[PDB]
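Shown next: work.pdb, containing PDB, C-alpha atoms.
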ATOM      1  CA  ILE A   1      65.744  35.038   6.471  1.00  0.00           C
ATOM      2  CA  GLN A   2      68.359  34.113   3.875  1.00  0.00           C
ATOM      3  CA  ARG A   3      67.846  30.422   4.631  1.00  0.00           C
ATOM      4  CA  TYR A   4      64.114  30.691   3.927  1.00  0.00           C
ATOM      5  CA  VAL A   5      64.716  32.250   0.467  1.00  0.00           C
ATOM      6  CA  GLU A   6      67.346  29.567  -0.317  1.00  0.00           C
ATOM      7  CA  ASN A   7      64.788  26.784   0.442  1.00  0.00           C
ATOM      8  CA  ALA A   8      62.251  28.691  -1.622  1.00  0.00           C
ATOM      9  CA  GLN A   9      64.731  28.996  -4.601  1.00  0.00           C
ATOM     10  CA  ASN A  10      65.349  25.209  -4.302  1.00  0.00           C
ATOM     11  CA  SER A  11      61.534  24.638  -4.264  1.00  0.00           C
ATOM     12  CA  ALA A  12      61.362  26.854  -7.419  1.00  0.00           C
ATOM     13  CA  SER A  13      64.041  25.058  -9.381  1.00  0.00           C
ATOM     14  CA  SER A  14      62.788  21.536  -8.596  1.00  0.00           C
ATOM     15  CA  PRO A  15      58.891  21.702  -8.610  1.00  0.00           C
ATOM     16  CA  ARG A  16      59.071  24.312 -11.577  1.00  0.00           C
ATOM     17  CA  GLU A  17      55.299  25.105 -11.622  1.00  0.00           C
ATOM     18  CA  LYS A  18      55.410  25.752  -7.798  1.00  0.00           C
ATOM     19  CA  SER A  19      53.257  28.868  -7.383  1.00  0.00           C
ATOM     20  CA  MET A  20      53.426  28.715  -3.550  1.00  0.00           C
ATOM     21  CA  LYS A  21      57.241  28.952  -3.709  1.00  0.00           C
ATOM     22  CA  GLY A  22      57.058  31.911  -6.041  1.00  0.00           C
ATOM     23  CA  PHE A  23      54.314  33.766  -4.178  1.00  0.00           C
ATOM     24  CA  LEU A  24      56.325  32.945  -1.075  1.00  0.00           C
ATOM     25  CA  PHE A  25      59.290  34.547  -2.814  1.00  0.00           C
ATOM     26  CA  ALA A  26      57.149  37.639  -3.396  1.00  0.00           C
ATOM     27  CA  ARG A  27      56.246  37.680   0.297  1.00  0.00           C
ATOM     28  CA  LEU A  28      59.942  37.429   1.148  1.00  0.00           C
ATOM     29  CA  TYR A  29      60.583  40.375  -1.161  1.00  0.00           C
ATOM     30  CA  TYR A  30      57.863  42.369   0.595  1.00  0.00           C
ATOM     31  CA  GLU A  31      59.568  41.468   3.853  1.00  0.00           C
ATOM     32  CA  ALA A  32      62.696  42.456   1.977  1.00  0.00           C
ATOM     33  CA  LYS A  33      62.879  45.736   0.095  1.00  0.00           C
ATOM     34  CA  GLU A  34      62.754  45.264  -3.689  1.00  0.00           C
ATOM     35  CA  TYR A  35      59.117  45.602  -4.788  1.00  0.00           C
ATOM     36  CA  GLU A  36      60.079  45.315  -8.514  1.00  0.00           C
ATOM     37  CA  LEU A  37      61.431  41.763  -8.023  1.00  0.00           C
ATOM     38  CA  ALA A  38      58.657  40.753  -5.606  1.00  0.00           C
ATOM     39  CA  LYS A  39      56.044  41.911  -8.117  1.00  0.00           C
ATOM     40  CA  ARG A  40      57.776  39.939 -10.864  1.00  0.00           C
ATOM     41  CA  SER A  41      57.771  36.856  -8.650  1.00  0.00           C
ATOM     42  CA  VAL A  42      54.058  37.333  -8.024  1.00  0.00           C
ATOM     43  CA  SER A  43      53.457  37.597 -11.769  1.00  0.00           C
ATOM     44  CA  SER A  44      55.424  34.396 -12.316  1.00  0.00           C
ATOM     45  CA  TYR A  45      53.328  32.665  -9.666  1.00  0.00           C
ATOM     46  CA  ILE A  46      50.184  33.881 -11.411  1.00  0.00           C
ATOM     47  CA  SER A  47      51.414  32.502 -14.738  1.00  0.00           C
ATOM     48  CA  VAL A  48      52.090  29.130 -13.104  1.00  0.00           C
ATOM     49  CA  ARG A  49      44.014  31.258  -6.128  1.00  0.00           C
ATOM     50  CA  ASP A  50      46.372  33.449  -4.166  1.00  0.00           C
ATOM     51  CA  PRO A  51      44.708  36.688  -2.961  1.00  0.00           C
ATOM     52  CA  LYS A  52      48.001  38.304  -1.796  1.00  0.00           C
ATOM     53  CA  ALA A  53      49.535  37.826  -5.251  1.00  0.00           C
ATOM     54  CA  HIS A  54      46.471  39.280  -6.986  1.00  0.00           C
ATOM     55  CA  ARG A  55      46.380  42.322  -4.676  1.00  0.00           C
ATOM     56  CA  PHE A  56      50.107  43.044  -4.811  1.00  0.00           C
ATOM     57  CA  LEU A  57      50.065  43.165  -8.672  1.00  0.00           C
ATOM     58  CA  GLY A  58      46.710  44.947  -8.756  1.00  0.00           C
ATOM     59  CA  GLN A  59      47.856  47.578  -6.217  1.00  0.00           C
ATOM     60  CA  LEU A  60      51.069  48.099  -8.237  1.00  0.00           C
ATOM     61  CA  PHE A  61      49.119  48.630 -11.520  1.00  0.00           C
ATOM     62  CA  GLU A  62      46.445  50.779  -9.755  1.00  0.00           C
ATOM     63  CA  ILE A  63      49.160  53.215  -8.537  1.00  0.00           C
ATOM     64  CA  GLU A  64      50.959  53.055 -11.996  1.00  0.00           C
ATOM     65  CA  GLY A  65      47.565  54.449 -13.268  1.00  0.00           C
ATOM     66  CA  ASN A  66      47.200  51.343 -15.536  1.00  0.00           C
ATOM     67  CA  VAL A  67      43.556  50.577 -14.676  1.00  0.00           C
ATOM     68  CA  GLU A  68      43.293  48.204 -17.727  1.00  0.00           C
ATOM     69  CA  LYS A  69      46.004  45.890 -16.241  1.00  0.00           C
ATOM     70  CA  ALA A  70      44.405  46.134 -12.781  1.00  0.00           C
ATOM     71  CA  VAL A  71      41.017  45.108 -14.245  1.00  0.00           C
ATOM     72  CA  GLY A  72      42.806  42.251 -16.010  1.00  0.00           C
ATOM     73  CA  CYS A  73      44.302  40.840 -12.779  1.00  0.00           C
ATOM     74  CA  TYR A  74      41.190  41.442 -10.683  1.00  0.00           C
ATOM     75  CA  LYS A  75      38.726  40.107 -13.318  1.00  0.00           C
ATOM     76  CA  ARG A  76      40.821  36.914 -13.577  1.00  0.00           C
ATOM     77  CA  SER A  77      41.061  36.704  -9.730  1.00  0.00           C
ATOM     78  CA  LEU A  78      37.262  36.973  -9.423  1.00  0.00           C
ATOM     79  CA  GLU A  79      36.296  34.644 -12.314  1.00  0.00           C
ATOM     80  CA  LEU A  80      38.784  31.872 -11.319  1.00  0.00           C
ATOM     81  CA  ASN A  81      36.624  31.825  -8.091  1.00  0.00           C
ATOM     82  CA  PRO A  82      39.508  30.355  -6.014  1.00  0.00           C
ATOM     83  CA  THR A  83      39.427  32.726  -2.903  1.00  0.00           C
ATOM     84  CA  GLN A  84      39.225  36.585  -3.203  1.00  0.00           C
ATOM     85  CA  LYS A  85      36.937  39.658  -2.811  1.00  0.00           C
ATOM     86  CA  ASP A  86      38.018  43.323  -3.458  1.00  0.00           C
ATOM     87  CA  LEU A  87      38.598  43.041  -7.183  1.00  0.00           C
ATOM     88  CA  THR A  88      34.962  43.834  -7.948  1.00  0.00           C
ATOM     89  CA  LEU A  89      35.732  47.525  -7.220  1.00  0.00           C
ATOM     90  CA  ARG A  90      38.758  47.672  -9.532  1.00  0.00           C
ATOM     91  CA  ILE A  91      36.695  46.112 -12.367  1.00  0.00           C
ATOM     92  CA  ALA A  92      34.065  48.847 -11.877  1.00  0.00           C
ATOM     93  CA  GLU A  93      36.627  51.684 -11.740  1.00  0.00           C
ATOM     94  CA  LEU A  94      38.366  50.394 -14.876  1.00  0.00           C
ATOM     95  CA  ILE A  95      35.065  50.213 -16.816  1.00  0.00           C
ATOM     96  CA  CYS A  96      34.320  53.766 -15.609  1.00  0.00           C
ATOM     97  CA  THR A  97      37.605  55.047 -17.182  1.00  0.00           C
ATOM     98  CA  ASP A  98      29.967  53.258 -19.148  1.00  0.00           C
ATOM     99  CA  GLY A  99      27.243  50.710 -19.844  1.00  0.00           C
ATOM    100  CA  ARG A 100      29.515  47.831 -18.884  1.00  0.00           C
ATOM    101  CA  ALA A 101      30.357  49.623 -15.643  1.00  0.00           C
ATOM    102  CA  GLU A 102      26.659  50.147 -14.933  1.00  0.00           C
ATOM    103  CA  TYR A 103      26.554  46.393 -14.190  1.00  0.00           C
ATOM    104  CA  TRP A 104      29.400  46.200 -11.637  1.00  0.00           C
ATOM    105  CA  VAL A 105      28.320  49.275  -9.571  1.00  0.00           C
ATOM    106  CA  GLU A 106      24.650  48.130  -9.511  1.00  0.00           C
ATOM    107  CA  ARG A 107      25.848  44.738  -8.219  1.00  0.00           C
ATOM    108  CA  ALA A 108      28.109  46.471  -5.624  1.00  0.00           C
ATOM    109  CA  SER A 109      25.023  48.394  -4.354  1.00  0.00           C
ATOM    110  CA  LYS A 110      23.006  45.141  -4.095  1.00  0.00           C
ATOM    111  CA  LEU A 111      25.840  43.990  -1.769  1.00  0.00           C
ATOM    112  CA  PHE A 112      26.067  47.317   0.287  1.00  0.00           C
ATOM    113  CA  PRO A 113      23.296  49.945  -0.428  1.00  0.00           C
ATOM    114  CA  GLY A 114      24.853  52.576   1.928  1.00  0.00           C
ATOM    115  CA  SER A 115      27.999  52.571  -0.260  1.00  0.00           C
ATOM    116  CA  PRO A 116      28.331  56.299  -1.138  1.00  0.00           C
ATOM    117  CA  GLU A 117      31.180  56.589  -3.706  1.00  0.00           C
ATOM    118  CA  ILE A 118      29.482  53.646  -5.480  1.00  0.00           C
ATOM    119  CA  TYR A 119      26.173  55.544  -5.717  1.00  0.00           C
ATOM    120  CA  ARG A 120      28.338  58.459  -7.080  1.00  0.00           C
ATOM    121  CA  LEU A 121      30.244  56.426  -9.712  1.00  0.00           C
ATOM    122  CA  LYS A 122      26.812  54.897 -10.632  1.00  0.00           C
ATOM    123  CA  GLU A 123      25.284  58.329 -11.243  1.00  0.00           C
ATOM    124  CA  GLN A 124      28.314  59.329 -13.367  1.00  0.00           C
ATOM    125  CA  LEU A 125      27.902  56.182 -15.530  1.00  0.00           C
ATOM    126  CA  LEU A 126      24.262  57.107 -16.065  1.00  0.00           C
ATOM    127  CA  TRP A 127      15.894  60.262 -14.097  1.00  0.00           C
ATOM    128  CA  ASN A 128      12.966  57.925 -13.452  1.00  0.00           C
ATOM    129  CA  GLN A 129      15.285  55.022 -12.643  1.00  0.00           C
ATOM    130  CA  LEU A 130      17.205  57.204 -10.197  1.00  0.00           C
ATOM    131  CA  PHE A 131      13.984  58.173  -8.430  1.00  0.00           C
ATOM    132  CA  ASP A 132      13.047  54.506  -8.113  1.00  0.00           C
ATOM    133  CA  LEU A 133      16.481  53.754  -6.685  1.00  0.00           C
ATOM    134  CA  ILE A 134      16.033  56.567  -4.175  1.00  0.00           C
ATOM    135  CA  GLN A 135      12.655  55.161  -3.164  1.00  0.00           C
ATOM    136  CA  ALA A 136      14.246  51.742  -2.697  1.00  0.00           C
ATOM    137  CA  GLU A 137      17.042  53.347  -0.667  1.00  0.00           C
ATOM    138  CA  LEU A 138      14.778  55.826   1.156  1.00  0.00           C
ATOM    139  CA  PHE A 139      12.228  53.003   1.770  1.00  0.00           C
ATOM    140  CA  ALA A 140      14.921  51.030   3.648  1.00  0.00           C
ATOM    141  CA  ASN A 141      16.575  58.787   7.750  1.00  0.00           C
ATOM    142  CA  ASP A 142      18.994  59.365   4.881  1.00  0.00           C
ATOM    143  CA  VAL A 143      19.257  62.925   3.667  1.00  0.00           C
ATOM    144  CA  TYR A 144      21.587  62.252   0.677  1.00  0.00           C
ATOM    145  CA  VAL A 145      19.208  59.616  -0.700  1.00  0.00           C
ATOM    146  CA  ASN A 146      16.432  62.185  -0.391  1.00  0.00           C
ATOM    147  CA  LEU A 147      18.659  64.772  -2.144  1.00  0.00           C
ATOM    148  CA  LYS A 148      19.908  62.651  -5.035  1.00  0.00           C
ATOM    149  CA  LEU A 149      16.536  61.100  -5.857  1.00  0.00           C
ATOM    150  CA  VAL A 150      14.863  64.506  -5.664  1.00  0.00           C
ATOM    151  CA  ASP A 151      17.487  65.916  -8.021  1.00  0.00           C
ATOM    152  CA  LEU A 152      16.865  63.049 -10.430  1.00  0.00           C
ATOM    153  CA  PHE A 153      13.136  63.754 -10.294  1.00  0.00           C
ATOM    154  CA  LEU A 154      13.796  67.419 -11.033  1.00  0.00           C
ATOM    155  CA  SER A 155      15.953  66.410 -13.992  1.00  0.00           C
ATOM    156  CA  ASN A 156      13.176  64.157 -15.283  1.00  0.00           C
ATOM    157  CA  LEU A 157       9.730  65.955  -9.488  1.00  0.00           C
ATOM    158  CA  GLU A 158       7.144  67.670  -7.292  1.00  0.00           C
ATOM    159  CA  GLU A 159       7.121  64.717  -4.901  1.00  0.00           C
ATOM    160  CA  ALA A 160      10.910  64.857  -4.701  1.00  0.00           C
ATOM    161  CA  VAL A 161      10.736  68.576  -3.959  1.00  0.00           C
ATOM    162  CA  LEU A 162       8.213  67.899  -1.202  1.00  0.00           C
ATOM    163  CA  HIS A 163      10.515  65.258   0.259  1.00  0.00           C
ATOM    164  CA  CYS A 164      13.394  67.733   0.188  1.00  0.00           C
ATOM    165  CA  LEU A 165      11.233  70.293   1.975  1.00  0.00           C
ATOM    166  CA  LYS A 166      10.346  67.708   4.611  1.00  0.00           C
ATOM    167  CA  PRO A 167      14.041  66.940   5.078  1.00  0.00           C
ATOM    168  CA  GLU A 168      14.778  70.644   5.483  1.00  0.00           C
ATOM    169  CA  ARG A 169      12.024  70.892   8.086  1.00  0.00           C
ATOM    170  CA  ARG A 170      13.508  67.927   9.934  1.00  0.00           C
ATOM    171  CA  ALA A 171      16.919  69.594   9.876  1.00  0.00           C
ATOM    172  CA  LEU A 172      15.369  72.771  11.261  1.00  0.00           C
ATOM    173  CA  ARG A 173      13.710  70.783  14.044  1.00  0.00           C
TER     174      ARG A 173
ATOM    175  CA  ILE B   1      38.998  -0.305   2.755  1.00  0.00           C
ATOM    176  CA  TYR B   2      41.821   0.449   0.314  1.00  0.00           C
ATOM    177  CA  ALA B   3      39.202   1.695  -2.232  1.00  0.00           C
ATOM    178  CA  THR B   4      37.638   3.999   0.443  1.00  0.00           C
ATOM    179  CA  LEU B   5      41.171   5.224   1.348  1.00  0.00           C
ATOM    180  CA  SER B   6      42.053   5.803  -2.334  1.00  0.00           C
ATOM    181  CA  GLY B   7      38.774   7.606  -3.036  1.00  0.00           C
ATOM    182  CA  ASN B   8      37.574   4.933  -5.428  1.00  0.00           C
ATOM    183  CA  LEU B   9      34.567   2.609  -5.404  1.00  0.00           C
ATOM    184  CA  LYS B  10      34.456  -1.049  -4.368  1.00  0.00           C
ATOM    185  CA  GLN B  11      32.105  -3.747  -5.851  1.00  0.00           C
ATOM    186  CA  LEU B  12      30.888  -6.825  -3.882  1.00  0.00           C
ATOM    187  CA  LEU B  13      30.605  -4.933  -0.593  1.00  0.00           C
ATOM    188  CA  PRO B  14      28.471  -2.231  -2.274  1.00  0.00           C
ATOM    189  CA  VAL B  15      25.803  -4.900  -3.081  1.00  0.00           C
ATOM    190  CA  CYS B  16      24.798  -4.438   0.564  1.00  0.00           C
ATOM    191  CA  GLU B  17      25.230  -0.600   0.409  1.00  0.00           C
ATOM    192  CA  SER B  18      22.136   1.360   1.560  1.00  0.00           C
ATOM    193  CA  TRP B  19      21.357   5.003   0.610  1.00  0.00           C
ATOM    194  CA  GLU B  20      23.381   6.599   3.508  1.00  0.00           C
ATOM    195  CA  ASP B  21      26.256   4.204   2.879  1.00  0.00           C
ATOM    196  CA  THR B  22      26.261   4.890  -0.928  1.00  0.00           C
ATOM    197  CA  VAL B  23      26.017   8.701  -0.315  1.00  0.00           C
ATOM    198  CA  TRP B  24      29.093   8.420   1.921  1.00  0.00           C
ATOM    199  CA  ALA B  25      31.222   6.436  -0.542  1.00  0.00           C
ATOM    200  CA  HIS B  26      30.398   8.774  -3.447  1.00  0.00           C
ATOM    201  CA  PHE B  27      30.945  12.012  -1.415  1.00  0.00           C
ATOM    202  CA  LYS B  28      34.286  10.549  -0.265  1.00  0.00           C
ATOM    203  CA  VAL B  29      35.321  10.220  -3.965  1.00  0.00           C
ATOM    204  CA  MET B  30      34.327  13.882  -4.474  1.00  0.00           C
ATOM    205  CA  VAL B  31      36.406  15.104  -1.459  1.00  0.00           C
ATOM    206  CA  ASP B  32      39.457  12.932  -2.323  1.00  0.00           C
ATOM    207  CA  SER B  33      39.460  14.135  -5.990  1.00  0.00           C
ATOM    208  CA  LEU B  34      38.891  17.828  -5.039  1.00  0.00           C
ATOM    209  CA  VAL B  35      41.737  17.866  -2.480  1.00  0.00           C
ATOM    210  CA  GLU B  36      44.154  16.294  -4.985  1.00  0.00           C
ATOM    211  CA  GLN B  37      43.205  18.808  -7.735  1.00  0.00           C
ATOM    212  CA  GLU B  38      43.827  21.785  -5.363  1.00  0.00           C
ATOM    213  CA  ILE B  39      47.159  20.157  -4.322  1.00  0.00           C
ATOM    214  CA  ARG B  40      48.071  19.837  -8.056  1.00  0.00           C
ATOM    215  CA  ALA B  41      47.050  23.460  -8.854  1.00  0.00           C
ATOM    216  CA  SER B  42      49.134  24.692  -5.879  1.00  0.00           C
ATOM    217  CA  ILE B  43      52.190  22.693  -7.319  1.00  0.00           C
ATOM    218  CA  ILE B  44      52.382  20.720  -4.028  1.00  0.00           C
ATOM    219  CA  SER B  45      52.489  17.322  -5.721  1.00  0.00           C
ATOM    220  CA  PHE B  46      55.775  16.082  -7.179  1.00  0.00           C
ATOM    221  CA  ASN B  47      55.825  14.522 -10.705  1.00  0.00           C
ATOM    222  CA  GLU B  48      57.510  11.329  -9.377  1.00  0.00           C
ATOM    223  CA  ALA B  49      54.520  10.625  -7.127  1.00  0.00           C
ATOM    224  CA  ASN B  50      52.271  10.323 -10.204  1.00  0.00           C
ATOM    225  CA  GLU B  51      52.747   6.515 -10.572  1.00  0.00           C
ATOM    226  CA  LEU B  52      49.149   5.852 -11.817  1.00  0.00           C
ATOM    227  CA  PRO B  53      47.280   9.099 -12.988  1.00  0.00           C
ATOM    228  CA  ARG B  54      45.480   7.210 -15.777  1.00  0.00           C
ATOM    229  CA  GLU B  55      43.860   4.856 -13.269  1.00  0.00           C
ATOM    230  CA  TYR B  56      42.344   7.646 -11.130  1.00  0.00           C
ATOM    231  CA  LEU B  57      39.261   9.760 -11.798  1.00  0.00           C
ATOM    232  CA  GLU B  58      40.521  13.360 -12.008  1.00  0.00           C
ATOM    233  CA  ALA B  59      37.005  14.712 -12.565  1.00  0.00           C
ATOM    234  CA  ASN B  60      34.694  15.493  -9.648  1.00  0.00           C
ATOM    235  CA  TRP B  61      30.926  15.380  -9.845  1.00  0.00           C
ATOM    236  CA  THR B  62      28.801  18.149  -8.280  1.00  0.00           C
ATOM    237  CA  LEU B  63      26.724  17.466  -5.099  1.00  0.00           C
ATOM    238  CA  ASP B  64      23.637  17.512  -7.367  1.00  0.00           C
ATOM    239  CA  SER B  65      24.963  14.714  -9.654  1.00  0.00           C
ATOM    240  CA  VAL B  66      25.958  12.800  -6.488  1.00  0.00           C
ATOM    241  CA  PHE B  67      22.303  12.679  -5.417  1.00  0.00           C
ATOM    242  CA  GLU B  68      20.947  12.087  -8.952  1.00  0.00           C
ATOM    243  CA  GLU B  69      23.247   9.069  -9.576  1.00  0.00           C
ATOM    244  CA  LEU B  70      22.564   7.695  -6.038  1.00  0.00           C
ATOM    245  CA  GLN B  71      18.801   8.306  -6.601  1.00  0.00           C
ATOM    246  CA  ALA B  72      18.670   5.875  -9.519  1.00  0.00           C
ATOM    247  CA  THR B  73      18.421   2.148  -8.769  1.00  0.00           C
ATOM    248  CA  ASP B  74      20.768  -0.374 -10.428  1.00  0.00           C
ATOM    249  CA  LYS B  75      17.664  -1.626 -12.330  1.00  0.00           C
ATOM    250  CA  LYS B  76      16.565   1.789 -13.741  1.00  0.00           C
ATOM    251  CA  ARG B  77      13.813   2.451 -11.217  1.00  0.00           C
ATOM    252  CA  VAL B  78      13.318   5.317  -8.776  1.00  0.00           C
ATOM    253  CA  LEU B  79      15.269   4.322  -5.609  1.00  0.00           C
ATOM    254  CA  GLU B  80      12.767   3.346  -2.928  1.00  0.00           C
ATOM    255  CA  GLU B  81      15.010   4.817  -0.210  1.00  0.00           C
ATOM    256  CA  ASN B  82      15.418   8.111  -2.260  1.00  0.00           C
ATOM    257  CA  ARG B  83      11.625   8.320  -2.792  1.00  0.00           C
TER     258      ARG B  83
END

Exercise: express the given structure as structure tokens:
Amino acid sequence: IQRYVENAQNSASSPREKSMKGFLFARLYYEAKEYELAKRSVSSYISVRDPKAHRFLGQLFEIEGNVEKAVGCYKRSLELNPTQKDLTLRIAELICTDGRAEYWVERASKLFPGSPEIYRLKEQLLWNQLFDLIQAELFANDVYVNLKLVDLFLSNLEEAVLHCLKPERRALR
Amino acid sequence: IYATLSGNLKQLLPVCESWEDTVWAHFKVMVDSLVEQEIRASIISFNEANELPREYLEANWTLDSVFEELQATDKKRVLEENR
């Protein structure tokens, strides 16, 4: 294990940009036990694509509560389009901490419409539009669609109430 | 052959290059430039190996520009093979 981090340090000193050394160093640190140094190495690699770098920093900032840094990493890791995925969520959750967020949670739903916590964060960012969304979701069994859309209609709703009654009848049967 | 290996064009031999043959040579330039740019971004290439950077096309064209440039004839007509 020591040999592998020596060859990495050599391949850090010589090819000085060398992100794959540095990220590799971070991986070695993860294998090792000093997450403050591994994170620093990952940051250095970032300064110099790598999804494991982006997620180790972004997970560290996420649990430090620093959702602005985690959006920064994950926004750059998305918009460099060089090979990653999850970051989309941490952009949305940052923006939540409203109008700007409305865009990332609507896009998340267009990628997974039965994504519940995403329908929830969407509502919190935000009546007629909600009803339409419910129809789109209900149009594609699902009680909590029928319940949220109906509630939105009530806020704006007789049809929604009827739908709720039908759902109750179904539950009874 | 050396031009195809380097990811560059050739000249007299392309006079007898048909559409499929010209598509191949130009896509080969795109792959050979893209791989080298990813290798550079990853820090895989060593500075010493950069003997002639100025002589090589760093830029890559999109697949769309590949077809558009191939689609034109040398004499500014619609390519009969493309049409």

Give me the residues within 12 Å of residue 79 (chain B) as a PDB file with C-alpha atoms, in the coordinates of the input, counting all atoms listed in the file and dropping any in the same chain fewer than 2 places off.
ATOM      1  CA  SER B  18      22.136   1.360   1.560  1.00  0.00           C
ATOM      2  CA  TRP B  19      21.357   5.003   0.610  1.00  0.00           C
ATOM      3  CA  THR B  22      26.261   4.890  -0.928  1.00  0.00           C
ATOM      4  CA  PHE B  67      22.303  12.679  -5.417  1.00  0.00           C
ATOM      5  CA  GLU B  68      20.947  12.087  -8.952  1.00  0.00           C
ATOM      6  CA  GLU B  69      23.247   9.069  -9.576  1.00  0.00           C
ATOM      7  CA  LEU B  70      22.564   7.695  -6.038  1.00  0.00           C
ATOM      8  CA  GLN B  71      18.801   8.306  -6.601  1.00  0.00           C
ATOM      9  CA  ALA B  72      18.670   5.875  -9.519  1.00  0.00           C
ATOM     10  CA  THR B  73      18.421   2.148  -8.769  1.00  0.00           C
ATOM     11  CA  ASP B  74      20.768  -0.374 -10.428  1.00  0.00           C
ATOM     12  CA  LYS B  75      17.664  -1.626 -12.330  1.00  0.00           C
ATOM     13  CA  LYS B  76      16.565   1.789 -13.741  1.00  0.00           C
ATOM     14  CA  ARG B  77      13.813   2.451 -11.217  1.00  0.00           C
ATOM     15  CA  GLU B  81      15.010   4.817  -0.210  1.00  0.00           C
ATOM     16  CA  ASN B  82      15.418   8.111  -2.260  1.00  0.00           C
ATOM     17  CA  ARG B  83      11.625   8.320  -2.792  1.00  0.00           C
TER      18      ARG B  83
END

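Residues of chain B having any atom within 8 Å of chain A, counting all atoms listed in the file, are residues 42, 43, 44 and 46 of chain B.
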
- Write out as a list in words which residues come within 10 Å of residue 53 (chain A) when counting all atoms listed in the file, dropping same-chain ones fewer than 5 positions away. residues 19, 22, 23, 24, 26, 27, 38, 39, 41, 42, 43, 44, 45, 46, 58, 59, 73 and 77 of chain A

- Task: List the residues matched by the PyMOL selection byres ((chain A and resi 93) around 12) in the displayed structure as a PyMOL selection string, ordered by chain and then by residue number.
- Result: chain A and resi 62+65-71+74-75+86-92+94-98+100-105+108+117-118+120-122+124-125

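Here CA of residue 148 (chain A) stands at a distance of 17.8 Å from CA of residue 110 (chain A).
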
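Distances from B:16, B:23, B:40, B:9 to residue 53 (chain B) were compared using only C-alpha atoms, and the smallest one belongs to B:40.
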
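For the file shown, the residue list from the PyMOL selection byres ((chain A and resi 126-143) around 9) reads residues 98, 99, 102, 113, 114, 121, 122, 123, 124, 125, 144, 145, 146, 147, 148, 149, 150, 151, 152, 153, 154, 155, 156, 157, 160, 164 and 167 of chain A.
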
- Do you have the CA of residue 4 (chain A)-CA of residue 83 (chain A) distance handy? 25.7 Å

- The distance between CA of residue 31 (chain B) and CA of residue 7 (chain B) is 8.0 Å

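Each of A:171, A:51, A:32, A:25 was checked against residue 12 (chain A) using only C-alpha atoms; the smallest atom-to-atom distance is that of A:25.
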
- Shell of 10 Å around residue 29 (chain B), all atoms listed in the file, local chain residues under 2 positions omitted, as a PyMOL selection string: chain B and resi 3-9+24-27+31-34+57+59-61

Fix up region 14-25 of chain B with N, CA and C atoms, then write it as a PDB file, keeping the file's coordinate frame.
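Okay, rebuild_17.pdb is ready:
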ATOM      1  N   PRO B  14      29.581  -3.089  -1.942  1.00  0.00           N
ATOM      2  CA  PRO B  14      28.471  -2.231  -2.274  1.00  0.00           C
ATOM      3  C   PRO B  14      27.173  -2.901  -2.634  1.00  0.00           C
ATOM      4  N   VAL B  15      27.073  -4.223  -2.837  1.00  0.00           N
ATOM      5  CA  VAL B  15      25.803  -4.900  -3.081  1.00  0.00           C
ATOM      6  C   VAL B  15      24.881  -4.730  -1.885  1.00  0.00           C
ATOM      7  N   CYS B  16      25.477  -4.712  -0.683  1.00  0.00           N
ATOM      8  CA  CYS B  16      24.798  -4.438   0.564  1.00  0.00           C
ATOM      9  C   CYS B  16      24.971  -2.988   1.014  1.00  0.00           C
ATOM     10  N   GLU B  17      25.130  -2.017   0.087  1.00  0.00           N
ATOM     11  CA  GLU B  17      25.230  -0.600   0.409  1.00  0.00           C
ATOM     12  C   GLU B  17      23.860   0.060   0.326  1.00  0.00           C
ATOM     13  N   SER B  18      23.385   0.614   1.455  1.00  0.00           N
ATOM     14  CA  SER B  18      22.136   1.360   1.560  1.00  0.00           C
ATOM     15  C   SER B  18      22.321   2.785   1.088  1.00  0.00           C
ATOM     16  N   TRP B  19      21.250   3.615   1.038  1.00  0.00           N
ATOM     17  CA  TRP B  19      21.357   5.003   0.610  1.00  0.00           C
ATOM     18  C   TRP B  19      22.412   5.801   1.374  1.00  0.00           C
ATOM     19  N   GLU B  20      22.413   5.833   2.725  1.00  0.00           N
ATOM     20  CA  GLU B  20      23.381   6.599   3.508  1.00  0.00           C
ATOM     21  C   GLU B  20      24.805   6.140   3.249  1.00  0.00           C
ATOM     22  N   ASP B  21      25.010   4.818   3.213  1.00  0.00           N
ATOM     23  CA  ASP B  21      26.256   4.204   2.879  1.00  0.00           C
ATOM     24  C   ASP B  21      26.748   4.534   1.465  1.00  0.00           C
ATOM     25  N   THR B  22      25.877   4.508   0.432  1.00  0.00           N
ATOM     26  CA  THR B  22      26.261   4.890  -0.928  1.00  0.00           C
ATOM     27  C   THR B  22      26.527   6.385  -1.061  1.00  0.00           C
ATOM     28  N   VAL B  23      25.739   7.258  -0.372  1.00  0.00           N
ATOM     29  CA  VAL B  23      26.017   8.701  -0.315  1.00  0.00           C
ATOM     30  C   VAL B  23      27.408   8.974   0.222  1.00  0.00           C
ATOM     31  N   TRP B  24      27.794   8.277   1.304  1.00  0.00           N
ATOM     32  CA  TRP B  24      29.093   8.420   1.921  1.00  0.00           C
ATOM     33  C   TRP B  24      30.245   8.043   1.010  1.00  0.00           C
ATOM     34  N   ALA B  25      30.161   6.881   0.331  1.00  0.00           N
ATOM     35  CA  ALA B  25      31.222   6.436  -0.542  1.00  0.00           C
ATOM     36  C   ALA B  25      31.427   7.385  -1.712  1.00  0.00           C
TER      37      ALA B  25
END
